[PDB]
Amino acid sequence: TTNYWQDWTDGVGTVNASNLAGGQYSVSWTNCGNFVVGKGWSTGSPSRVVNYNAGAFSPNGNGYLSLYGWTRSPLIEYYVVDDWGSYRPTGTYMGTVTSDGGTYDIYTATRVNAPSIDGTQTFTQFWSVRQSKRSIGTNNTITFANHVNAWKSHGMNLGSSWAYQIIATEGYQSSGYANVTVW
């Protein structure tokens, strides 16, 4: 089960996040800047199988629902995006991976002098983005090893030092509400 609660916001707009029982959380936001809220594990694993049920995911504008985390050495931000609002995230196309009943496009991207778990840094993003939005309110599994190994085949090797790993609600200049249980 989960051991970690993440509640990060850049302070722009109103973001109200609740650390509920077990692996459950909720977040309501209005005209946010950027925020990342979710539950998961303080140390990510490339072989973790993550389950979640989004009782609600209703962005009004740009919001994502993703398996989300960081490695260091090198500094990499990674996503497995199952749902989004008005904006589907993309980068440089690398291929596809089919996992847990969905097909995901794979992308890389460079972020130059950008916010990160270690402050302003130049780093890389690894993305799997579902080709269509996954069903909301169902018990959904992300078999992360499939994504890790699909990424490896394209030279997207994750860092050797693992930071947190969560099912994250992320908003960008938007409003919305989400309620999610992770295990």
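Residue numbers here begin at 1 and follow the sequence given. Between two forms, the rigid core is defined as the largest C-alpha subset superposing within 1.5 Å.
With each structure aligned by its rigid core, the stretch whose Cα atoms sit farther from this model in 6 other deposited structures of this protein, between 112-120 and 129-137, is 112-120. The deposited model assigns a higher average Cα B-factor to 117-125 than to the other stretch when 47-55 and 117-125 are compared.
Mean CA B-factor, 107-115 versus 80-88: the higher value falls on 107-115. In the deposited coordinates, the residue among 63, 137, 40, 69 with the greatest CA B-factor is 137.
In the PDB entry, residue 171 places in the lowest third of its chain by CA B-factor. Ranked within its chain, residue 26 lands in the lowest third, by CA B factor from the PDB record. In the PDB entry, residue 1 places in the highest third of its chain by CA B-factor. The entry lists a Cα temperature factor for residue 132 that places it in the highest third of the chain's modelled residues. Ranked against the other modelled residues of its chain, the C-alpha B-factor of residue 20 as given in the entry falls in the lowest third.
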